[PDB]
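Q:
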Amino acid sequence: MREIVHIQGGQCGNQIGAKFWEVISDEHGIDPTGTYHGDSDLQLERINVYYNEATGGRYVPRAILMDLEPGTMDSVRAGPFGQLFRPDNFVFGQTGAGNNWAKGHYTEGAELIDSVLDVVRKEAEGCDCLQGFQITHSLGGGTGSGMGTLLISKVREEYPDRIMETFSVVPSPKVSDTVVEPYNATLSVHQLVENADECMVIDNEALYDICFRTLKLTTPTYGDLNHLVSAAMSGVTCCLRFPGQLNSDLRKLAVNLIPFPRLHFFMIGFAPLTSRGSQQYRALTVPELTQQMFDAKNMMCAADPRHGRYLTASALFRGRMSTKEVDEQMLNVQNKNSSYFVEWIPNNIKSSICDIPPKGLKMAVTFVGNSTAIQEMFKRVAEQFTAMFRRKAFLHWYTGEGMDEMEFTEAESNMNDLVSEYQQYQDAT
Amino acid sequence: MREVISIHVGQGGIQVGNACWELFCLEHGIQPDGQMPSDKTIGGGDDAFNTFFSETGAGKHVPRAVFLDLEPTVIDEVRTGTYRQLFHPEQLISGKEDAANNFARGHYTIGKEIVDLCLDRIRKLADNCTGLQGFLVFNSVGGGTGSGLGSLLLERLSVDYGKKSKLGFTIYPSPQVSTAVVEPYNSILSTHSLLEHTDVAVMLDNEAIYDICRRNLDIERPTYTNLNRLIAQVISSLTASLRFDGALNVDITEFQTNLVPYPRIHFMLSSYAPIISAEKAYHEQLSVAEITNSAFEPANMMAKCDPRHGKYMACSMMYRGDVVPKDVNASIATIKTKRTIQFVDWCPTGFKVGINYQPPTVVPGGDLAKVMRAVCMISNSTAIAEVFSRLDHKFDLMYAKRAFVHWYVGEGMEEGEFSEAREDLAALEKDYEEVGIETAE
Ligand SMILES: [Mg+2]
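Protein chains in written order, with the entry's author numbering: chain B, 1 to 429; chain A, 1 to 441.
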């Protein structure tokens with residue numbers, strides 16, 4: 001039915017989806033136990049395309065658990081809504097990748113892929129007209145990417161028609177949570193540029209910036225952050241989940257978002273984002289949220305539209321309004337800062353609306369535009385990879401996995417090729 | 001599922017071990033006999049004690065660690081001590097006549113005497129265990145078996161399993177303070193036979209323990225009780241991830257080829273804090289930034305080798321308690337900020353966060369005050385080669401004078417072991433010499 005599935009690895013991402021399904025449960029108001037306690041059939045109408053009824057009305061996720069060590073499995077296993085799960089999917093590891101990506105990709109990569117792809121495949125038979133599935137990990141290591149690389153390869157072959165919308169955490173330029181990041185990252189991204197269908201960037205520092213400045217929060221954790229992102233990743237299917245006077249699916253999205261298949265790394269904007277007092281400063285209009293939409297500070301990725309140029313831009317609106325406003329602000333904005341709008345893409349802004357906003361708010365905005373400002377991102381990470389690969393720093397942890405360096409060259413001149421590729425598209429008219 | 005096991009050797013070494021298992025048993029609060037004060041509820045999500053404290057069919061939960069040393073007096077004190085309900089007889093293997101600090105004796109001479117018993121015990125535990133990640137081995141370049149017999153120990157244990165991690169806690173000859181003079185012999189003879197049988201290990205020196213406990217713990221007159229307590233804390237936190245929920249429950253194997261990027265120079269420093277008094281617990285606040293900026297005080301450096309004379313490579317500031325990713329994170333920016341510090345630039349950043357949510361527990365009768373947040377700066381730099389150089393120069397001359405050599409030649413070692421082992425520190429001097437070279441252009 002255009003239903004989809006979720007698969008998460010990732011040192012964080014395993015938590016991320018926990019929050020995610022948590023949020024969707026709220027938007028479906030079904031008890032933690034797994035039965036519905038809401039007030040409209042509309043939550044039940046399209047419930048299946050994420051959930052699954054069970055005998056007795058156990059309502060369940062179409063999620064897939066990735067992990068190389070059960071702790072997360074216990075963690076979310078210790079999770080509220082944990083009784084809303086299926087024990088089947090608790091597919092984890094006994095070792096951990098140690099985030100040498102070769103470890104999580106050959107060593108443990110080849111070790112535990114099979115049981116996953118089997119049960120996942122059983123989910124594939126459980127899906128009537130599968131629009132797709134949602135993968136989640138991080139692009140700097142192996143706790144997610146280790147195996148998730150193998151996932152994208154295997155299912156991608158196994159389902160060359162299905163959509164692969166991939167969110168994985170990008171290392172911020174400043175803070176290096178690990179120094180093996182350039183290598184895991186580069187080795188992964190070689191794969192992901194080939195095999196993944198959609199990708200959107202996952203920085204932490206942006207999420208900090210949101211929580212601290214625009215959220216005006218002092219105490220950052222993951223969980224709030226995954227609230228902030230699963231807000232958007234939860235919004236994305238809204239029309240696909242719920243009616244909309246102007247609907248567009250991921251196929252309409254990506255096909256209406258990408259000129260050439262190498263450009264499915266997208267940046268993200270969601271809003272509104274206030275602290276409590278703000279409403280008693282300000283109110284909500286479509287033009288208002290628009291005035292956030294093109295905010296670099298909501299630009300939750302390491303790329304700057306202020307520095308790069310919008311190759312593409314789009315808006316995901318959930319609520320009840322007048323599109324006569326919506327479009328009007330659209331075109332207005334597409335003029336107002338025309339210069340950061342790439343040229344030969346006429347009407348490079350594109351529209352949407354969901355008859356219902358997310359719960360709690362009256363109107364919704366989402367922006368997954370695609371400039372080319374990410375070039376500094378790949379340039380950076382490739383740069384650090386370059387330095388220590390001059391040094392071969394921690395190659396020994398690496399070659400101990402029994403990869404070659406020439407692969408590193410492959411993702412290397414590879415990833416540079418993708419960058420310059422974005423250069424010419426940005427530098428053209 | 002996630003096991004480790006501790007090995008204990010040398011007088012100071014098993015002193016450390018005693019402090020440690022006192023500690024952990026305190027920290028899970030399982031009573032010294034082997035029972036917990038109360039019943040254990042059935043739950044899931046992560047392991048517990050099961051790592052180390054050994055489940056029985058009843059309130060008997062013994063460590064997963066082993067004693068081995070050829071100087072069996074003191075260990076008997078454990079054989080007598082309060083935890084004589086705690087430990088287990090077959091947990092105990094000792095030698096009667098120790099090495100006399102002949103490396104070559106308990107390594108060669110008495111090296112032959114207890115090995116098989118050791119390996120059988122190891123097989124009993126690892127066979128008892130499932131997902132034992134790595135090996136906690138403790139010894140000392142002083143209590144002589146701590147050098148010699150341990151040297152054979154890893155020398156063979158590595159060849160037994162291999163795939164386990166080598167968790168190395170041994171003590172290093174204090175720079176000017178000491179215990180003997182054959183220490184050169186113990187150390188370097190250990191070292192050339194240490195390295196290729198070692199995965200990674202840290203070097204704890206005492207004089208720092210003194211100076212810092214006396215200033216920072218406000219200690220007037222310390223000893224191995226305080227020392228063993230302090231290392232008790234540091235190991236207490238170096239493995240919390242496998243014991244307690246933390247945001248980034250990093251792991252040893254994870255640490256291995258990432259902290260020590262190359263294979264060779266795979267040791268490090270470790271300055272834990274916050275060690276303060278009850279009168280500094282109050283009159284203070286002990287910020288994340290205070291532990292953090294304080295974490296890199298060279299004068300806080302818990303092994304007498306100046307960081308400021310070296311260039312850092314990695315820093316795994318695993319944290320206990322109420323830690324914020326952001327706050328620490330910006331502190332790490334602050335660490336990038338430190339002009340005086342200089343990093344193996346070809347490893348620009350190699351950082352690796354640790355935010356475990358349990359703040360520290362304190363041992364009654366101790367001198368450390370209670371806090372909310374712990375740091376372990378397991379960091380690796382260029383600096384530490386120098387004191388080695390002192391070791392090989394001291395040993396250089398003394399060996400040149402053939403001092404004591406009769407003792408060792410009497411027990412079955414050859415001279416080329418000596419000069420060649422000096423070639424060993426020659427090479428490692430080339431290693432700290434070279435890796436510190438900044439890659440050209
Ligand atoms: Mg002894």
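We treat Cβ as the ideally placed atom computed from N, Cα and C, and that holds for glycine.
Give a yes or no on whether the C-beta atoms belonging to B/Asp-327 and B/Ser-352 are separated by under 8 Å.
A: On the first sequence, position 327 is the one that residue 327 of chain B refers to. On the first sequence, position 352 is the one that residue 352 of chain B refers to. Contact: no.
Q: Apart from the five residues on each side of it in sequence, which residues of its chain come closer than 8 Å, Cβ to Cβ, to A/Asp-245?
A: As a first step, residue 245 of chain A is located in the second sequence; it is residue number 245 there, counting from the start. Same-chain partners within the cutoff: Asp-46, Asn-356, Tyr-357 and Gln-358.
Q: For B/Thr-312 and B/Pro-182, I'd like the C-alpha separation in whole angstroms.
A: One-based indexing of the first sequence puts residue 312 of chain B at position 312. One-based indexing of the first sequence puts residue 182 of chain B at position 182. Each residue's alpha carbon lies about 27 Å from the other.
Q: Measure the alpha-carbon distance for A/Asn-249 versus A/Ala-240 and round it to whole angstroms.
A: Indexing the second sequence from 1 puts residue 249 of chain A at position 249. Indexing the second sequence from 1 puts residue 240 of chain A at position 240. The alpha-carbon atoms of A/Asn-249 and A/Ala-240 are separated by roughly 8 Å.
Q: Taking 8 Å as the threshold (beta carbon to beta carbon), is A/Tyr-172 in contact with chain B?
A: Within the second sequence, the letter at position 172 stands for residue 172 of chain A. By this cut-off, A/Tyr-172 is not an interface position.
Q: Would the C-beta of A/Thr-145 count as close to ligand 1, meaning under 7 Å from any of its heavy atoms?
A: Taking the first residue of the second sequence as position 1, residue 145 of chain A is located at position 145. Within the cutoff, so yes.
Q: Counting contacts by CB-CB distance shorter than 8 Å, is A/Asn-258 in contact with chain B?
A: On the second sequence, position 258 is the one that residue 258 of chain A refers to. Closer than 8 Å: yes.
Q: Let's see if you can read the secondary structure: which residues bound the alpha helix (DSSP H) around A/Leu-23?
A: Counting from 1 along the second sequence, the entry for residue 23 of chain A is found at position 23. It spans 11-27 - the alpha helix (DSSP H) in which A/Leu-23 sits, taken as one unbroken run.
Q: Just the chain A side, please: which residues come within less than 8 Å of B/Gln-83 by C-beta, in chain order?
A: Along the first sequence, read from residue 1 onward, the residue named residue 83 of chain B stands at position 83. Those do not exist, as B/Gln-83 stays about 13 Å from chain A at its closest Cβ, beyond 8 Å.
Q: Would you mind listing the alpha helix (DSSP H) stretches within the region 247-306 of chain A that are 4+ residues and don't spill past its ends, in chain order?
A: 252-259, 278-281 and 288-293
Q: Report the neighbours of A/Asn-329 on chain B: residues whose CB is nearer than 7 Å to its CB, in chain order.
A: Position 329 of the second sequence, counting from 1, holds the residue named residue 329 of chain A. Going along chain B in sequence order, the residues near A/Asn-329 (Cβ under 7 Å) are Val-175.
Q: Per the contact definition of three or more C-beta pairs closer than 8 Å, is the region 32-42 of chain A in contact with the region 158-167 of chain A?
A: no
Q: Under 7 Å Cβ-Cβ, which residues of chain A neighbour B/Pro-220?
A: If you number the first sequence from 1, residue 220 of chain B lands on position 220. Ordered by position in chain A, the residues that pass the 7 Å Cβ test against B/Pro-220 are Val-324, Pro-325 and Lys-326.
Q: Check whether the region 373-392 of chain A touches the region 270-288 of chain A, counting contact only when three or more Cβ pairs, one atom from each stretch, lie closer than 8 Å.
A: yes
Q: Where does B/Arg-318 sit, in a helix, a strand or coil, going by DSSP?
A: Residue 318 of chain B sits at position 318 when you count from the first residue of the first sequence. Correct three-state label for B/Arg-318: strand.
Q: Is it the case that the CB of A/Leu-70 approaches a heavy atom of ligand 1 more closely than 7 Å?
A: Along the second sequence, read from residue 1 onward, the residue named residue 70 of chain A stands at position 70. Flag set: Cβ of A/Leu-70 near ligand 1.
Q: Note the first and the last residue of the continuous alpha helix (DSSP H) segment covering A/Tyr-185.
A: Within the second sequence, the letter at position 185 stands for residue 185 of chain A. Looking at the DSSP string, the run of the alpha helix (DSSP H) that includes A/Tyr-185 is 183-194.
Q: First and last residue of the alpha helix (DSSP H) that includes B/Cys-238?
A: Indexing the first sequence from 1 puts residue 238 of chain B at position 238. Residues 238-241.
Q: Run through DSSP, which three-state label would A/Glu-3 get?
A: Residue numbering aside, residue 3 of chain A sits at position 3 when the second sequence is read from its first letter. Correct three-state label for A/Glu-3: strand.
Q: Taking the alpha-carbon of B/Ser-188 as reference, which of B/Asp-355, B/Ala-102 and B/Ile-356 has the nearest alpha-carbon?
A: Taking the first residue of the first sequence as position 1, residue 188 of chain B is located at position 188. The shortest C-alpha separation from B/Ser-188 is found at B/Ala-102.
Q: Where does B/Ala-185 land, buried or exposed, given buried means 16+ other C-beta within 10 angstroms?
A: As a working mapping, residue 185 of chain B is identified with position 185 in the first sequence. Counting Cβ neighbours within 10 Å, B/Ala-185 comes out buried, since at least 16 surround it.
Q: Could you say which of B/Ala-428, B/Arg-309 and B/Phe-385 lies nearest to B/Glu-407 if we only look at CA atoms?
A: Residue numbering aside, residue 407 of chain B sits at position 407 when the first sequence is read from its first letter. Per the Cα distances, B/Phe-385.
Q: Is A/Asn-102 closer than 8 Å to A/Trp-407 when the C-beta atoms are compared?
A: Stepping through the second sequence from its first residue, residue 407 of chain A is reached at position 407. Stepping through the second sequence from its first residue, residue 102 of chain A is reached at position 102. Yes.
Q: B/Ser-248 by DSSP, collapsed to three states: which one?
A: As a first step, residue 248 of chain B must be located in the first sequence, where it is residue number 248. Note: B/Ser-248 maps to coil in three-state DSSP.
Q: Given a threshold of 16 other Cβ atoms within 10 Å of its Cβ, counted over all protein chains shown, does A/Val-181 qualify as buried or as exposed?
A: Here residue 181 of chain A refers to the residue found at position 181 of the second sequence. By the neighbour-count rule (16 or more Cβ atoms within 10 Å), A/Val-181 is not buried but exposed.
Q: In or out: B/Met-1 buried (at least 16 other Cβ within 10 Å) or exposed?
A: The sequence position of residue 1 of chain B within the first sequence is 1, counting from 1. Residue environment analysis places B/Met-1 among the exposed positions, since fewer than 16 neighbouring C-beta atoms fall within 10 angstroms of its C-beta.
Q: Compare the C-alpha of B/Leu-361 against each of B/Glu-53, B/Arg-306, B/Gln-291 and B/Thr-274 and name the closest.
A: Along the first sequence, read from residue 1 onward, the residue named residue 361 of chain B stands at position 361. Comparing Cα positions, the closest option is B/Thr-274.
Q: Rounded to whole angstroms, what's the CA-CA distance from B/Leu-42 to B/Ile-356? Just pull it up for me.
A: Numbered from its first residue, the first sequence carries residue 42 of chain B at position 42. Numbered from its first residue, the first sequence carries residue 356 of chain B at position 356. B/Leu-42 and B/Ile-356: Cα-Cα distance of roughly 10 Å.
Q: Against A/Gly-168, what residues of chain B qualify as contacts under a CB-to-CB distance less than 9 Å, listed in chain order?
A: One-based indexing of the second sequence puts residue 168 of chain A at position 168. Here the premise fails: no neighbours, minimum Cβ distance about 17 Å.
Q: Give me the Cα-Cα distance between A/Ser-187 and A/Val-9, rounded to the nearest whole angstrom.
A: Position 187 of the second sequence holds residue 187 of chain A. Position 9 of the second sequence holds residue 9 of chain A. Each residue's alpha carbon lies about 15 Å from the other.
Q: So the candidates are B/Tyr-36, B/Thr-429, B/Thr-285 and B/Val-342; which of them puts its Cα closest to the Cα of B/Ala-373?
A: Position 373 of the first sequence, counted from the first residue, corresponds to residue 373 of chain B. When each option's Cα is compared against that of B/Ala-373, the closest is B/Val-342.
Q: Give me, in chain order, the residues of the same chain whose beta-carbon lies closer than 7 Å to that of A/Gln-85; leave out the 5 immediate sequence neighbours on both sides.
A: Against the second sequence, residue 85 of chain A aligns to sequence position 85. Excluding positions up to five away in sequence, the list reads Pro-32, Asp-33 and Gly-34.
Q: I'd like to know whether the C-beta atoms of B/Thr-290 and B/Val-333 end up nearer to each other than 8 Å.
A: Residue mapping note: residue 290 of chain B aligns to position 290 of the first sequence, counting from 1. Residue mapping note: residue 333 of chain B aligns to position 333 of the first sequence, counting from 1. Yes; because the gap between Cβ atoms is below 8 Å, this pair is in contact.
Q: Is the beta carbon of A/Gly-350 less than 8 Å from the beta carbon of B/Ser-176?
A: Within the second sequence, numbered from 1, the residue matching residue 350 of chain A stands at position 350. Within the first sequence, numbered from 1, the residue matching residue 176 of chain B stands at position 176. In this structure, A/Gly-350 places its C-beta atom within 8 Å of the C-beta atom of B/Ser-176.
Q: For A/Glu-220, decide whether its Cβ has a neighbour in chain B, counting only Cβ atoms nearer than 8 Å.
A: Taking the first residue of the second sequence as position 1, residue 220 of chain A is located at position 220. Output row for A/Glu-220: interface = no.
Q: Which residues of the region 337-366 of chain A have a Cβ closer than 8 Å to any Cβ of chain B? Give them in chain order.
A: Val-344, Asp-345, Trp-346, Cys-347, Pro-348, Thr-349, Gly-350, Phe-351, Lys-352 and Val-353
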